[PDB]
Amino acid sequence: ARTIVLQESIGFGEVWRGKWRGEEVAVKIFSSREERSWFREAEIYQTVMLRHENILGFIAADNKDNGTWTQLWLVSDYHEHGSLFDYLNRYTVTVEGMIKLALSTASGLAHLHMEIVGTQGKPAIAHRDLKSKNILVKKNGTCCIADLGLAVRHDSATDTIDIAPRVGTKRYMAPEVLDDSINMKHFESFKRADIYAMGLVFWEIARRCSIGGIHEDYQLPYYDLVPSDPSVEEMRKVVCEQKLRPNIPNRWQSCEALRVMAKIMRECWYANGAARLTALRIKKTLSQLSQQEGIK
């Protein structure tokens, strides 16, 4: 923190583009009264064997005293494209482009979800706030997952969670979170809730897949059913009571890649978390799709 110069506001806490010896970094800055949120996110990022090409690259947790108040810093790799939300608003994608964004997101989530067993292993982690606004797009057109502050970690020996857990973004909350039926002592239930949210993100990507000049406008999931900044009650009435999901355009049946993406979405969107695909199964499916004749 001592040797980083903040240059530009780029969106708990606030995010800046900084320079460390002339190299661009991203800095999320918290106030003294946000220490618990800063510490918890620092803790998640310092998890043994967390580093992965599809998880935002951690550089440091640090303090900076400006002479009046102390700032709490989280420093990461800088990605010029910023959030998948901003990227999908600005650009359309090719079939290959769509699969790369979806596969890289699934690979990041499969890694978070995966317990790497050992005396020195990585615990399984559930994100609990996955959305297009906290996935970043790298220069190579792959995604990495950020904003890990609400994550929960699994102790597989006792089947317990490392903290005492409706915390995340209301629009992306799983049906079982919206109606508060989720078993918050059951780690597997948090993994299944992440899959529902990733299905919504896949729908946002697929809309922007342009074939023969044809694509949908960028929209958030449920743009057609709830107000901007929706309440838990507004979301619950649509997702749980009326049992609606984002609409699958008829266009997506014209293309094998979009057909497979649409099938993944419906198998992420079941009301019962136990019925949903795993991140690893989605990663396997999109890996196979990426190499298919007519796609590759």
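For the two forms, the rigid core is made up of the largest set of C-alpha atoms that agree within 1.5 Å on superposition. The numbering used is simple: start at 1 and walk along the sequence shown.
The segment moving more, judged by mean Cα distance from this form in 5 other deposited structures of this protein after a core overlay, is 21-29 among 21-29 and 273-281. Fitting each structure in 5 other deposited structures of this protein onto the rigid core and averaging C-alpha distances over structures and residues, 59-67 emerges as the more displaced of 59-67 and 37-45. Compared with the other entries of this protein, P165 is frequently left unbuilt, missing from a third or more of those that build its neighbours. According to the entry, the deposited sequence places 1 to 3 unmodelled residues between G11 and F12. According to the entry, the deposited sequence runs straight from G82 to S83 with no unmodelled residues in between. Mean C-alpha B-factor is higher over 156-164 than over the other stretch, the pair under comparison being 156-164 and 92-100. For the two regions 32-40 and 256-264, the entry's Cα B-factors average higher over 256-264. Comparing the listed residues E188, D194, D77, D147, the entry records the largest Cα B-factor for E188. In this entry, the residue among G108, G199, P221, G212 with the greatest C-alpha B factor is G212.
Ranked against the other modelled residues of its chain, the C-alpha B-factor of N134 as given in the entry falls in the lowest third. For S228, the recorded CA B-factor ranks within the highest third of the chain. Only modelled residues enter the ranking. Remark: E216 belongs to the highest third of its chain, ranked by C-alpha B-factor as recorded. Annotation for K64: C-alpha temperature factor in the middle third relative to the rest of the modelled chain, per the entry. Looking at the C-alpha B-factors along this chain, the one for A124 belongs to the lowest third.
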